[PDB]
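The structure appears right after this line, and notes come after that.
Residue indices begin at 1 and follow the sequence shown. Counting convention: from 1, in listed order, for ligands and their atoms alike.
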Amino acid sequence: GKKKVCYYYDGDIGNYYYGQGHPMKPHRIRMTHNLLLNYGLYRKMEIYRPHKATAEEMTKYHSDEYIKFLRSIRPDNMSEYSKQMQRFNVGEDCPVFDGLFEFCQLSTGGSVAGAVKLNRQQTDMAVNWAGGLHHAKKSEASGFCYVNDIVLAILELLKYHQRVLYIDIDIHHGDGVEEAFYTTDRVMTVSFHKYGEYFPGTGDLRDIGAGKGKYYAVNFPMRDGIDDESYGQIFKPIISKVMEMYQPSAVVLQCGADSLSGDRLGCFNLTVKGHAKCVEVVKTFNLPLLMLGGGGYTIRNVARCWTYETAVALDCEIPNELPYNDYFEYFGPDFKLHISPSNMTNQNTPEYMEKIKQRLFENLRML
Ligand SMILES: CCC(O)(O)CCCCC[C@H](NC(=O)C1CN(C)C1)c1ncc(-c2cc3ccccc3nc2OC)[nH]1
Ligand SMILES: [Ca+2]
Ligand SMILES: [Ca+2]
Ligand SMILES: [Zn+2]
């Protein structure tokens, strides 16, 4: 039936700024929040302010040296850490900005607090739109991500769950999460992503895990222009087979919105309904679920996507006519919640989609 949803948000998150021209805009988290408050969704869910995750929490995965560096680096002392910045991949994609560590602490705090709430059986779903920073590595920042809140939240779930399923619908491969759990069967990682001349360059369908983790990493490489019809026809069958074979007791779903049509960095053609169908599919399995954010660089569409996905989590129908909100002008010229796909060609032929699905099904038979 309808589920209890706990949602995490810190009113300060929108003020962190990656710098002029940087596509990552934490302000999109505040737009999302303001839009869902204006739809009245706060009447149906418990809203929590995450704590600032500590160094003890972050070093459950990250090295002590990398966390010490993130805690120390500031725009005023950057000149003294030139060597350390290179070592930890802090620079152009992952800049040093005022309050960087606190931004990591809030992003991580929401994901870890949500996993604790799920472990305690105090909620059916936990939502942290400021989380989902799937590229961060044990001792390195990558692709706008510094602390891997997902790996930390999964480690928390593993205290009570023998098997955890991670699903990543961001247009980019979930490499940091896959890497962390590559050699274990206690976490199965499933990523759908654009593959070929695209960041991070990993996620080939032939990357299936190693050692005890062999067959516990699943990658669905896609080409430009995938649409709702093509995505929907492979997502439900793959996730259904994974659920059947793997039998997880908890799920983490990274909802990166850069897989939507019109994304500044993405080249897919999904609508908000097509992206949210992934949430609907995962919800039907009735397992404790942690829903996280991720990419999304056309910020009006990120706010629409995550507002609608929160409504889906709540089984709450919301009107297409957008309510007035603090960012109303960002949603012009239509002022509607739902988006239209573009006329871009879908390079993912139906035969290509079926063939990759069949190749992944062969790997799932090995569980
Ligand atoms: C949250 C989860 C997520 O998965 O959504 C993150 C996506 C991360 C994409 C990183 C990618 N980095 C690479 O290609 C690099 C180069 N090589 C050495 C690795 C990428 N694309 C686009 C950008 C990009 C980065 C910028 C940085 C500063 C200013 C403008 C910028 N303008 C940009 O683009 C207009 N940088
Ligand atoms: Ca992905
Ligand atoms: Ca694994
Ligand atoms: Zn992305």
Which atom, among the N/O/S set of [X], is closest to the Zn ion (ligand 4)?
X	value
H172	ND1
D258	OD2
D170	OD1

Review point. Does the ring centre of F97 sit less than 6.0 Å away from the ring centre of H22?
Key: no
Check your understanding: Taking the six-membered ring for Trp, are the ring centroids of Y7 and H33 within less than 6.0 Å of each other?
Key -> yes
**Study point:** Polar side-chain atom of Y48 near backbone of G110 as donor-acceptor pair, under 3.5 Å
**Key:** no
Review point. In terms of side-chain heavy atoms, does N89 have a donor or acceptor partner in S142 at a distance below 3.5 Å?
Key: no
Point to revise | Side chains of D168 and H193, donor plus acceptor under 3.5 Å | key: no
Measure from the Ca ion (ligand 3) to each N, O or S atom of [X] and report whether any distance is below 3.0 Å.
X	value
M188	no
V187	yes
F181	yes

Review point. In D168, what N, O or S atom is nearest to the Ca ion (ligand 2), if we give its atom name?
Key: OD1
Exercise for review: For the Ca ion (ligand 2), find the closest N/O/S atom belonging to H172 and write down its atom name.
Suggested key: O
Study note, to complete from the structure: Taking the Ca ion (ligand 2) as the apex, O on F192 and O on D170 give an angle, to 10°, of 70°
Practice item. Would you mind checking if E65 and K68 are paired as a salt bridge, meaning a charged N to carboxylate O distance below 4.0 Å? Key: no
Check your understanding: Is atom NZ of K236 surrounded by more than 12 heavy atoms (other residues, nucleotides or ligands) closer than 6.0 Å?
Key -> no
